[PDB]
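Quick heads-up: it's one chain on its own, the form deposited in one PDB entry, in structure tokens.
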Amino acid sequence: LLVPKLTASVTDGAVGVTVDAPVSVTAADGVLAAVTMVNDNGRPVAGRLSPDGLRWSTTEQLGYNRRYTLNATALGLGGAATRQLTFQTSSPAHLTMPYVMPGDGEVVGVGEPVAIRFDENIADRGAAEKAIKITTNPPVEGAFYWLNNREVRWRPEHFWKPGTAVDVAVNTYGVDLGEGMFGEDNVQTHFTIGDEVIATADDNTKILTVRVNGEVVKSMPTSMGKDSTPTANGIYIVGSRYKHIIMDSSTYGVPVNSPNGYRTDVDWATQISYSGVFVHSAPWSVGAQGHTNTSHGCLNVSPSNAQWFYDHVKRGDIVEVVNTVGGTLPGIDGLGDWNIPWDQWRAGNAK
């Protein structure tokens, strides 16, 4: 007859035990008759034993900087076995919280990347990427790319196919993200891709044409950036929408009191770059719209066309600007991800 054997997922005296996984105990040639896990000051840890009595596991989040003591007894025909193990979990120098976009349960356009923004700089980008689990249905190849030291993006080679489910699990709790930095918690979001909405602003015609699944549904006269401050060419991703908003140039680095500084309240504004490009109402330039460029870079349209855009275009839809005397929108703008060539995006920049 064999004496029961106890096996635990941790070892007695271990330090730096990571807290991204549960602690378990398994019995062999016998069953678990008693399992308790207690922190430094005696508080019991929630756990559950399997019906067949063979495996116990913690069922709640284990804490950073804890010393836990596990006590287990196994009983079998051949006798008894009891063990006591004490171990210490990870002690972070710092915690960072991730924030994910887009919103949970949202429907977005075919240009929307998965966005994970940490509230601290990440020293080990690879460890962050590894901790982020993206599911797509139908499955599609995609890749991570960092816009800066805190925010990473994931997208496919081409615009999403309408009807695609996207699930994002950021499993950073218990994960060492470099230089003693650990995830403050996990976060999860799920979203779905809607209709293909692509609006093209052609500087040769000064028209903003809105296509939904390939069909023209709207043609808006526009006035883009004057030659001195032109609208950059390229692919812009639609972000937030505002019934009205005070445009403050200092938000985008430009002192209000300075030469092309400004602080103006505007109607029906749809943001399409972090650098401050909006589609918005411009009653002052309705005469110029469709004829000459007169703005600071924004896409001036009529009050009714700005409101139409507000009502009918959603986060993640696409605005393409072409044929202007500007350069190309920076790939790392914040809403310019599609201007990065796929070979470069796919290669990433985690190192």
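Counting begins at 1, following the sequence as shown. If you superpose the two forms and keep the largest set of C-alpha atoms that fall within 1.5 Å, you have the rigid core.
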Mean C-alpha temperature factor, higher of 208-216 and 77-85: 77-85
134-142 or 247-255, whichever carries the higher mean Cα B-factor: 247-255
Criterion, highest CA B-factor; candidates, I272, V114, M224, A165: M224
Residue, from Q307, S57, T69, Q61, that the PDB entry assigns the highest Cα B-factor: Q61
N349 by Cα B-factor - lowest, middle or highest third of the modelled chain: middle
Position of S9 among the chain's modelled residues by C-alpha B-factor, lowest, middle or highest third: middle
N339 - Cα temperature factor, lowest/middle/highest third of chain: lowest
Ranked against its chain, the third holding the CA B-factor of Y173: middle
Within-chain third of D29 by Cα B-factor, per the entry: highest
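Beyond what is shown, the protein has a form deposited in another entry; the following relates to that form.
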Rigid core superposition between the shown form and the other one: residue from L54, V325, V322, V286 with Cα shift of 2 Å or more: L54
Yes/no, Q88 Cα shift of 2 Å or more between the shown form and the other one with rigid core fixed: yes
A27 C-alpha moves between the shown form and the other one by 2 Å or more, core aligned: yes
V45 C-alpha relocation of at least 2 Å between the shown form and the other one, rigid core basis: yes
